[PDB]
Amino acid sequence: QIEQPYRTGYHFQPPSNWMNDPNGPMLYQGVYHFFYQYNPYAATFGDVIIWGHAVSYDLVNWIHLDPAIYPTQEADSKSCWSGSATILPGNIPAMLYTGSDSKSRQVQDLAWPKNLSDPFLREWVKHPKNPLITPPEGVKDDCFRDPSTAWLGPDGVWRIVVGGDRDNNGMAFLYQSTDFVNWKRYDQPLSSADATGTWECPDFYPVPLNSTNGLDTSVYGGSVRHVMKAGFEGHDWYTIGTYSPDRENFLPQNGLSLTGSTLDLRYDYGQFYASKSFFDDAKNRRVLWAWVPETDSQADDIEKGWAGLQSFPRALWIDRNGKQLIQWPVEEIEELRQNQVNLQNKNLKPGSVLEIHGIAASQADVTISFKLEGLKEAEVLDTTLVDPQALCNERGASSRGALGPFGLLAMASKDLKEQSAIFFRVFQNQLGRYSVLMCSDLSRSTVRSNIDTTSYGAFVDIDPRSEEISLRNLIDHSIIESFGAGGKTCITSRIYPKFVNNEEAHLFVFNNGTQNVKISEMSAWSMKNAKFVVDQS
């Protein structure tokens, strides 16, 4: 019998109970601050949600503090929902969040540290005038929330967006202010989309072209593009475009309005929601946090006493081609690497399974690169309108193709009765052009009942002819984060195999295709636990 086999060893999560949306992340005076929607009374959502608070010097090891923002005014008497942090000139962290007032209205409130000499910013004070912003004209009281981090225009005016919808039409309501206290709604929203429902936790920020670095939220220029991110219809979507502060106009590069279809981009194609980023000026990088929901049952959560994880902080930047974003675990995670097991120039015959020995299979960092043999043998399949998730669910690791499925078997039991398969497939259209599919087959991840074992998939934008297909996996008990092609395609999975209660997990490399594939390089590292120190009461 193993105690709490589903808790992670290096992912952020509270000592116990329910946690969802990441809030107000930021770097202040050398300290990384992290906040999050928290229910201090149960392992499920509840009537009283507050901001949990933790600090870190490296984004890996944390110190849990007492909740920072909780009901104290009429403006947030019923709950303190999502918000963002903006460090104003003069070095004051300003927090804008959505509060549920005494009349159950979603309103935007302001708060800031009450003791800037405290490196951990434990105590916060609320602005006497809260709420600072209330639902506009024709917007429902429960469809106006999640203010973003603000950006200061060259005209000295601050901007922020607040999510919501007007008649089921997603909205990124734009507000302006010079003193950060008196805000005025701009005539038109920054962006929007028909019939998408409320836009949750919108994020708007710039990314430097031809650079793998991040930018302060207030930078603008021709060598900069902006990202409009919004959560709706159950997923986080984003679109790259150009921002004209003068006209408060956001023009999507592909000219499309978000539709929540295979036409739009996502940060992650698995369990990933309410993602929020912040700029780290110490390392000139933009860091992204995201809530990773549970996929087990509510009864399971109540029984184990907790629910919700945060994805591991990832650096974020725009690809050299300028058409999509790239994500990668922040370098500080590399410090958790212990012993290493490596493989090179290893052939994987059709229908073969190769076990990787010597690694702590439940807590590891695994990278593998495949060198393909005979691309022309790729199954012919035009994927212009194909839904990659549907395809992955239809063709799991047991569905044998020509090129694919080949990849990893993670959180697998000795006998393989339970396994999580992260793999690729290679296809070609009629004109000989290749496409690459990345799948997270969770269909056999557990023999347990009442577990959402839906699989996830996405197409990887690489040319198999000149690029080996690479895959990195962050394995941490009940969560697996997969990065294909250096972060071009990310998929986060939650799995709950039964075997982990009394036996060790295993790790395998496999190839169930009819074509041979070669492992050119494979690096696996056992990952030690991140430190979580409690400093409360």
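In this text, residue numbers run from 1 along the sequence as written.
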On average, which has the higher Cα B-factor in the deposited entry, 286 to 294 or 445 to 453?
-> 445 to 453
Per the PDB entry, mean CA B-factor is higher for 246 to 254 or 435 to 443, namely for 246 to 254
Going by the deposited entry, which of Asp461, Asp109, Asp203, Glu331 has the highest CA temperature factor?
-> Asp461
Between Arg145, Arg185, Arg266, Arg425, which one tops the list for C-alpha B-factor in the PDB entry?
-> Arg185
What third of the chain, by the recorded C-alpha B-factor, contains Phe406?
-> middle
Lowest, middle or highest third: where is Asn169 by Cα B-factor in its chain?
-> highest
Taking the entry's C-alpha B-factors for this chain, is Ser211 in the lowest, middle or highest third?
-> highest
Quick one: classify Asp66 as lowest, middle or highest third of the chain based on its Cα B-factor.
-> middle
Lowest, middle or highest third - CA B-factor, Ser520 | highest
